[PDB]
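Residues per chain are reported as follows:
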Amino acid sequence: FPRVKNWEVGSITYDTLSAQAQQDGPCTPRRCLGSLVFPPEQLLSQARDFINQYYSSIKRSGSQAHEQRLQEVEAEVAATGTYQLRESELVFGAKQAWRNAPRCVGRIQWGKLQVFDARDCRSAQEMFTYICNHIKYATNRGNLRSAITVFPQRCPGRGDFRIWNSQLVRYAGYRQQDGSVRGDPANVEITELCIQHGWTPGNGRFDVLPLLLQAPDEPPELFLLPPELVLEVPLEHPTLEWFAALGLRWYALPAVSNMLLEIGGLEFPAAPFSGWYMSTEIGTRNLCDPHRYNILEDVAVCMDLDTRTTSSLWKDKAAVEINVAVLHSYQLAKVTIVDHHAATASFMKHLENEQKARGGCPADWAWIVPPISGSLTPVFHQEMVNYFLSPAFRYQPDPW
Amino acid sequence: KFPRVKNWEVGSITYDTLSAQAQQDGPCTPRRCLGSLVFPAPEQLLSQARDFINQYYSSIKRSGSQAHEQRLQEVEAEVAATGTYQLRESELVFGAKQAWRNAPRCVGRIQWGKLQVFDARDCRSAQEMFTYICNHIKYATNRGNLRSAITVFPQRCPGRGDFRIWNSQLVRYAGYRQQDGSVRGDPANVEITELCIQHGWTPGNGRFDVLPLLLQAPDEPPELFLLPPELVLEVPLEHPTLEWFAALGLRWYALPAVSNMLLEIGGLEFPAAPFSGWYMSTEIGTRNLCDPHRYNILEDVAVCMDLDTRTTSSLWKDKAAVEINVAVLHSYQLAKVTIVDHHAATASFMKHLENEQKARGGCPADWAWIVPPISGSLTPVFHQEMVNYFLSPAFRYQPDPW
Ligand code: HEM
Ligand code: HEM
Ligand SMILES: CCOc1ccc(-c2ccc3c(C)cc(N)nc3c2)cc1CN
Ligand SMILES: CCOc1ccc(-c2ccc3c(C)cc(N)nc3c2)cc1CN
Ligand SMILES: C[C@H](O)[C@H](O)[C@H]1CNc2nc(N)[nH]c(=O)c2N1
Ligand SMILES: C[C@H](O)[C@H](O)[C@H]1CNc2nc(N)[nH]c(=O)c2N1
Ligand SMILES: [Cl-]
Ligand SMILES: [Cl-]
Ligand SMILES: [Gd]
Ligand SMILES: [Gd]
Ligand SMILES: [Zn+2]
């Protein structure tokens with residue numbers, strides 16, 4: 001039972017939940033790979049275990065309906081080679097996958113999640129409407145609400161529902177006559193696919209990509225997103241009057257549409273989930289990463305900072321002001337956003353809850369500590385244990 | 001079958017083949033990663049020794065030579081006759097540099113080959129130990145033009161106690177527990193402070209009182225020694241534009257000289273081998289001054305800056321922290337004392353990673369310690385995946401001798 005210490009306070013806890021981890025991770029006694037981004041009778045064992053989890057959490061292990069539900073999945077798989085989840089089970093599984101996501105700093109919210117059941121989806125035009133209901137509900141005029149839409153589970157003999165976009169909202173990335181990119185470089189690949197499938201490319205740095213939706217076996221089909229459905233925030237700074245003229249914007253809804261939701265041995269390769277942004281994701285990663293919009297030097301010239309020496313901390317200064325502009329603009333636009341100090345304090349509170357509730361919490365330090373001001377937040381001084389519990393969200397290869 | 005390592009800023013891929021030779025084992029398993037934890041027989045002495053001798057004779061391009069097989073036989077003979085063996089001077093110099101090179105949490109390792117090794121293995125008492133230390137401080141400080149150095153005292157051996165430096169660093173500020181339960185000075189040094197008082201030291205009552213040395217000769221109690229004031233170069237902190245900042249009375253010392261770690265070379269253990277380099281500005285600015293459990297100045301600075309400290313979304317902590325780091329950099333430069341900022345240091349560590357990939361096929365690096373504690377993703381090391389593992393020769397943590 002691993003001993004974990006908090007260095008800010010001195011306290012000690014023990015992670016007894018780690019003793020039950022499953023689909024093993026990347027590390028071995030000889031070497032640690034914690035920093036790397038990307039590291040059939042067996043269906044019945046994953047299904048038994050999940051069902052035991054479910055009746056655990058509703059104060060009802062070892063009695064009528066628990067016994068009975070074990071039998072039906074037995075008979076279902078025995079007759080069909082797969083099984084269907086009761087609707088409450090799907091809800092409970094979706095929330096547990098969020099609760100188990102080790103890289104997620106927003107899990108204090110894990111019990112408030114809206115699950116739209118789309119398991120009876122049947123076409124690409126159907127998805128688009130399921131997606132569009134989600135986007136509408138999650139956005140909610142800027143009062144964001146966490147939501148996931150679960151499309152049909154995978155099964156052999158036939159294909160897969162899949163969203164070729166990494167997120168429901170992404171900005172175009174356009175190559176050049178010199179390699180360089182106008183727009184978002186993280187999305188150059190999926191932009192070529194959209195053009196390659198009919199889309200009429202735009203001219204700008206913030207052109208919202210269309211959606212490439214894939215119904216089983218059939219080739220993808222483009223979908224234009226309704227402009228009023230995609231809520232966006234123009235970026236301005238509370239006191240630097242020229243910042244608005246940089247023409248920067250970001251969207252309101254972080255909606256992740258390429259991950260595979262795995263519940264009880266069932267695999268849903270299309271289960272887009274959405275929450276709300278932590279400010280540093282927008283300000284520091286999307287706008288300042290050298291391989292994203294890379295605006296840091298442009299903001300610093302405008303602030304008349306000494307870009308000639310690194311010891312002036314011109315990067316640090318411009319980065320804070322960008323983050324200020326993000327928090328300021330989203331607030332002025334009445335769009336739910338949370339700062340990395342508030343976020344990390346809530347996560348600390350989540351760890352204390354998870355300690356008493358399950359004897360621990362799987363956390364990936366490198367992704368929990370924010371990308372600016374790390375040691376100024378309390379999670380920096382908190383030792384953490386990382387491991388894989390089920391149900392979970394997993395990464396999957398691109399559909400091509 | 002070797003780990004693939006990507007740099008996300010550039011798209012580069014490399015494989016770390018050196019990890020396969022990881023000579024000891026760490027805290028992680030396929031069940032659970034513990035990478036974020038701060039603190040994770042003649043035949044075996046023979047095998048560690050054999051491996052080190054092989055390393056040494058490789059570095060001088062004499063692997064499998066006459067002299068290489070002679071040294072293997074000499075060591076086996078000495079371990080048989082005495083249970084231990086003695087390093088040649090050149091082996092000690094190589095092993096000390098290798099230990100620095102292998103330190104996974106050190107971002108300064110581009111410098112690993114420019115290391116001044118002082119051999120104090122002939123040391124006989126705590127009083128001689130003090131003289132060696134004073135000379136190390138003098139050579140390394142060099143009037144502010146800092147130089148990396150290590151002094152290595154006699155090895156652990158059967159029949160004798162260890163030489164030990166009780167202080168975690170050669171230069172530290174006292175931490176006085178008081179009541180109301182609070183600490184005046186550096187809270188990290190409360191324990192060693194209480195030990196010094198208990199061993200004869202007359203404490204002060206300042207926030208920046210330099211601690212005496214507690215030095216332990218074999219089979220002896222520890223002895224107190226006052227550092228001569230003129231040997232401890234300090235930097236009063238001021239800010240280039242915020243002029244009230246000098247009225248805080250803040251200071252830091254020039255020389256980071258870690259003194260409580262064990263150096264291991266070829267199976268042999270040096271429980272006393274203090275080493276020193278120069279500071280990266282975030283150690284002083286962010287960690288030593290702003291940690292809530294250290295000097296904890298962030299709120300006071302922010303109130304002074306007239307930042308709105310009633311809400312976190314003003315980012316007052318980030319703004320005050322940036323100005324504290326600017327003040328440290330400016331102050332050390334004004335004082336003509338070597339200091340590197342976290343951007344220059346991480347950029348040179350990337351060059352180190354590239355040198356090391358061409359030379360040994362990899363580099364042990366602990367991402368959570370290599371990424372600076374502010375502005376992480378603004379430095380290039382953030383976007384570099386890394387493989388952590390333990391090579392020998394090595395610096396190791398050891399229990400406090402009390
Ligand atoms: C409600 C506010 C939320 C916030 C502030 C938030 C924040 C974050 C952040 C900062 C990351 C780091 C990813 C990175 O930077 O690489 C992350 C990852 C992640 N989030 Fe959350 N998120 C929220 C809601 C949700 C919801 C509703 C779900 C799904 C039900 C979710 C599932 C995940 C998963 C699966 C990951 C990746 C985990 C891993 O790969 O181990 N999050 N989130
Ligand atoms: C020349 C400038 C140097 C710089 C800028 C530097 C920087 C650093 C930093 C920032 C850390 C992490 C400290 C923290 O906890 O925040 C570290 C750790 C460390 N450094 Fe360096 N250092 C330098 C020289 C040296 C030298 C000369 C040695 C030994 C010969 C050394 C050996 C170590 C070791 C052993 C650790 C702990 C690593 C571990 O436990 O794995 N460093 N260094
Ligand atoms: C490791 C591959 O990259 C990612 C993986 C997951 C996410 C992620 C996934 C879901 C999120 C949600 C739901 C909200 C939010 N504010 N941030 C989120 C961030 C971001 C990234 C962007 N680095
Ligand atoms: C787990 C114990 O923590 C440490 C471990 C090593 C060091 C360390 C050790 C040697 C250093 C040297 C030689 C220079 C420098 N700038 N920083 C150094 C930092 C600091 C610390 C302070 N957290
Ligand atoms: C708990 C956590 O791992 C611990 O605070 C580590 C994180 N990274 C660090 N990084 C550096 N450079 N120095 C440190 O002391 C630490 N502390
Ligand atoms: C190379 C490194 O592992 C990689 O950049 C990781 C580290 N930490 C991160 N932290 C956040 N918040 N987001 C990320 O994408 C990453 N990526
Ligand atoms: Cl994003
Ligand atoms: Cl220090
Ligand atoms: Gd101007
Ligand atoms: Gd001023
Ligand atoms: Zn690990």
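Residues numbered from 1 in each chain as written, not as in the entry; some residues may be left out. Chains lettered and ligands numbered in written order. Heavy atoms only, no water.

- This deposited entry lists X-ray crystallography as its structure determination method and 2.197 Å as its resolution.

## Topic: the site of ligand 1
Part 1 of the reasoning: Around ligand 1, 15 residues are found, and the nearest of them are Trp98, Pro102, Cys104, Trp367 and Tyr395 of chain A.
Part 2 of the reasoning: With respect to ligand 1, the side chain of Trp367 of chain A contributes an N or O atom lying 3.3 Å from an oxygen atom. (Near = heavy atom within 4 Å. Polar contact = N/O pair within 3.5 Å; in protein donor to acceptor, adjacent residues only side chain to side chain.)

## Points about empty space enclosed by the protein
Part 1 of the reasoning: The space that makes up the largest cavity amounts to roughly 220 Å³.
Part 2 of the reasoning: What lines the largest cavity is a set of 20 residues, among which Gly34 and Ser35 of chain A together with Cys33, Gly35 and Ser36 of chain B lie closest to the centre.
Part 3 of the reasoning: Elements with a minimum of two residues in the lining of the largest cavity: α10 (365-368) of chain A together with α10 (367-370) of chain B.
Part 4 of the reasoning: The residue makeup of the lining of the largest cavity, split by class, is twelve nonpolar, six polar and two charged.
Part 5 of the reasoning: Each pocket or cavity is described by its volume, and for the second largest cavity that value is around 110 Å³. (1 Å grid on protein atoms, 1.4 Å probe; cavity = no way out; pocket = protein on both sides within 12 Å on 5 of 7 lines; lining within 4 Å. Points joined across faces, edges and corners; volume = space filled by probe spheres on them. Helix = DSSP H or I, 4+ residues; strand = E, 2+ residues; numbered from the N terminus. Nonpolar A, V, L, I, M, F, W, Y, C, P; charged D, E, K, R; others polar.)

## Side note on the pairing of strand β3 (residues 116-119) of chain B
Here is the key point about a regular strand: its side chains alternate between the two faces of the sheet.
All names here are of chain B.
Part 1 of the reasoning: Pairing of β3 with strand β4 (residues 149-152), which is carried by four bridges, proceeds in the parallel orientation. Note that in β4 the partner of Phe118 across the bridge is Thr151.
Part 2 of the reasoning: Regarding the hand of the β-α-β motif, the stretch spanning β3, helix α4 (residues 126-141) and β4 is right-handed. (Pairing = 2+ DSSP bridges. Right-handed = clockwise from strand over helix to strand, strands pointing away.)

## So, the coordination of the zinc ion (ligand 11)
Part 1 of the reasoning: Bound to the zinc ion (ligand 11) on the protein side are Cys27 of chain A (SG), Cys32 of chain A (SG), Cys28 of chain B (SG) and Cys33 of chain B (SG), at distances that span 2.3 to 2.4 Å.
Part 2 of the reasoning: In this structure, the zinc ion (ligand 11) is surrounded by four donor atoms whose angles at the metal cover 103 to 123°, and the resulting shape is tetrahedral. On the criterion of chain membership, the pair formed by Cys32 of chain A in the loop between β2 (12-14) and α1 (43-57) and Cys33 of chain B in the loop between β2 (13-15) and α1 (42-59) is interchain, its members lying in two chains.
Part 3 of the reasoning: A relative accessible area of 13% places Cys33 of chain B in the buried class. (Donors = N, O, S within 2.8 Å, 3.2 Å for Na, K, Ca; no water. Tetrahedral: all angles 85-135°; square planar, octahedral: opposite > 155°, others 65-115°. Buried < 20%, exposed > 50% of the residue type's maximum accessible area, 1.4 Å probe, protein only.)

## Describing the site of ligand 3
All names here are of chain A.
Part 1 of the reasoning: Close to ligand 3 lie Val37, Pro254, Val256, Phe273, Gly275, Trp276, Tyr277, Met278, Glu281 and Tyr395, which account for all nearby residues.
Part 2 of the reasoning: Interatomic distance of 2.8 Å between a backbone N/O atom of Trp276 and a nitrogen atom of ligand 3.
Part 3 of the reasoning: Grouping the amino acids of the shell around ligand 3 by side-chain chemistry returns eight nonpolar, one polar and one charged.

## A look at the domain arrangement of chain B
Residue and element names in this part refer to chain B.
Part 1 of the reasoning: By domain assignment, chain B separates into domain 1 (16-122 + 148-158 + 262-276 + 346-370), domain 2 (123-147 + 162-233 + 397-401) and domain 3 (234-256 + 279-344).
Part 2 of the reasoning: The C-alpha centroid of domain 2 is placed 27 Å from the C-alpha centroid of domain 1.
Part 3 of the reasoning: Each partner contributes residues to the interface: domain 1 has 22 residues there, and domain 2 has 18 residues.
Part 4 of the reasoning: In this assembly, domain 1 packs against domain 2 so that about 1600 Å² is buried in total across both faces, 61% of it on carbon and sulfur atoms.
Part 5 of the reasoning: Taken together, domain 1 and domain 2 are joined by one salt bridge.
Part 6 of the reasoning: As a salt-bridge pair, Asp162 and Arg156 come within 2.6 Å of each other at their nearest N and O atoms.
Part 7 of the reasoning: For the pair domain 1 and domain 2, the number of links is seven residue pairs in polar contact.
Part 8 of the reasoning: Every element with two or more residues in the side of domain 1 that touches domain 2 is listed here: β3, β4 and β15 (275-276). (Domains from an automatic or database assignment. Contact = heavy atoms within 4.5 Å. Buried area = accessible area lost by both parts, 1.4 Å probe. Salt bridge = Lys/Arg side-chain N within 4 Å of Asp/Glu carboxyl O.)

## Things to note about the packing of helix α8 (residues 314-332) of chain A against helix α8 (residues 316-334) of chain B
Part 1 of the reasoning: α8 of chain B packs onto α8 of chain A with a crossing angle of 175° between their chain directions and a minimal axis gap of 10 Å. In terms of their interaxial angle, α8 of chain A and α8 of chain B are classed as roughly antiparallel. Residue-level inspection shows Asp316, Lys317, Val320, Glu321 and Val324 of chain A of α8 of chain A in contact with α8 of chain B, the latter providing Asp318, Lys319, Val322, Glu323 and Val326 of chain B.
Part 2 of the reasoning: Of the residues assigned to the contact of α8 of chain A with α8 of chain B, the class counts are four nonpolar, no polar and six charged. (Axes fitted to C-alpha atoms, helices over the stretch in contact; angles between N-to-C directions. Parallel < 35°, antiparallel > 145°, perpendicular 65-115°, else oblique.)

## Things to note about the sheet that holds strand β13 (residues 260-263) of chain A
Residues and elements named next belong to chain A.
Part 1 of the reasoning: The strand order across the open sheet built from three strands is β14-β13-β18, with neighbouring strands paired in antiparallel fashion. Edge positions in the sheet fall to β14 (266-268) and β18 (392-394), since each has one partner strand and no second. For this sheet the average axis-to-axis angle between neighbouring strands, irrespective of direction, equals 30°.
Part 2 of the reasoning: Bridge count for β13 against β18 is three bridges, and the pairing is antiparallel. Residue pairing across strands places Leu260 opposite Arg394, the latter belonging to β18.

## What to know about the packing of helix α3 (residues 87-100) of chain A against helix α9 (residues 340-358) of chain A
Residue and element names in this part refer to chain A.
Part 1 of the reasoning: The geometry of α3 relative to α9 is characterised by a closest axis approach of 13 Å and an angle of 120° between their N-to-C directions. Classified by the interaxial angle, the pair formed by α3 and α9 is oblique. Residues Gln96, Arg99 and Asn100 of α3 form the contact with α9, whose own contacting residues are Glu354, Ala357 and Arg358.
Part 2 of the reasoning: Residue composition of the contact of α3 with α9, by class: one nonpolar, two polar and three charged.

## Looking at α9 of chain A
Side chains three or four residues apart in an α-helix point the same way, a direct result of the helix having 3.6 residues per turn.
Part 1 of the reasoning: End to end, α9 of chain A covers 26 Å across 19 residues, agreeing with the expected 27 Å (1.5 Å per residue, within 8%).
Part 2 of the reasoning: Turning to α9 of chain A, its buried residues are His340, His341, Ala343, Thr344, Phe347, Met348, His350, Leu351, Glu354 and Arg358 of chain A.
Part 3 of the reasoning: Turning to α9 of chain A, the residues buried within the fold contact α3, β16 (277-278), α6 (279-288), β17 (337-338) and α10 of chain A together with α8 of chain B.
Part 4 of the reasoning: Structurally, the start of α9 of chain A carries an N-cap: the backbone nitrogen of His341 of chain A is 2.7 Å from a side-chain oxygen of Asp339 of chain A.
Part 5 of the reasoning: With its phi angle positive at about 70°, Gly359 of chain A sits one or two positions after the end of α9 of chain A. (Expected span 1.5 Å × (residues − 1).)

## Here's the deal with a nonpolar patch on the surface
Part 1 of the reasoning: A contiguous nonpolar patch, built from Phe1, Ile12 and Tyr14 of chain A and spanning about 340 Å² of accessible area, is present on the exposed surface.
Part 2 of the reasoning: Along the chain, the position of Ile12 of chain A falls in strand β2. (Patch = residues over 30% accessible without salt bridge, like charges linked within 9 Å, V, L, I, M, F, W, Y side chains within 5 Å. Areas by Shrake-Rupley, 256 points an atom, 1.4 Å probe, with all protein chains shown as cover.)

## Structural notes on the state of the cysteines
Residues and elements named next belong to chain A.
Part 1 of the reasoning: In total, this model carries zero disulfides over all chains according to the counting rule given.
Part 2 of the reasoning: Not engaged in a disulfide, the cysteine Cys361 finds its nearest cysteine sulfur in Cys104; these two sulfurs lie 9.9 Å apart.
Part 3 of the reasoning: The buried category is assigned to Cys361, whose relative accessible area is 6%. (Disulfide = S-S within 2.5 Å.)

## Quick word on the interface of chain B and chain A
Part 1 of the reasoning: Each partner contributes residues to the interface: chain B has 62 residues there, and chain A has 62 residues.
Part 2 of the reasoning: Summed over both partners, the interface of chain B with chain A buries about 5100 Å², with 62% contributed by carbon and sulfur atoms.
Part 3 of the reasoning: On the surface where chain B and chain A come into contact, there are zero salt bridges.
Part 4 of the reasoning: On the surface where chain B and chain A come into contact, there are 25 residue pairs in polar contact.
Part 5 of the reasoning: Taken together, the elements giving at least two residues each to the side of chain B that touches chain A come down to α6 (281-290), α8, α9 (342-360) and α10 of chain B.
Part 6 of the reasoning: It is α8 of chain B that contributes the most residues to the side of chain B that touches chain A, ten residues altogether.
Part 7 of the reasoning: Of the residues in the side of chain B that touches chain A, the class split is 28 nonpolar, 21 polar and 13 charged.

## Some points on the pattern of salt bridges
Residues and elements named next belong to chain A.
Part 1 of the reasoning: On inspection of all chains with the given rule, the structure shows 34 salt bridges over all chains.
Part 2 of the reasoning: For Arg69, the salt bridge is made with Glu76, and the minimal N-O distance between the two is 4.0 Å.
Part 3 of the reasoning: Residue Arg69 is classed as buried on the basis of its relative accessible area of 1%.
Part 4 of the reasoning: The class for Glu76 is partly exposed, based on a relative accessible area of 22%.
Part 5 of the reasoning: Connected through salt bridges with shared partners, the residues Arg154, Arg158, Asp160, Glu262, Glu267 and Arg394 form a single ionic network.

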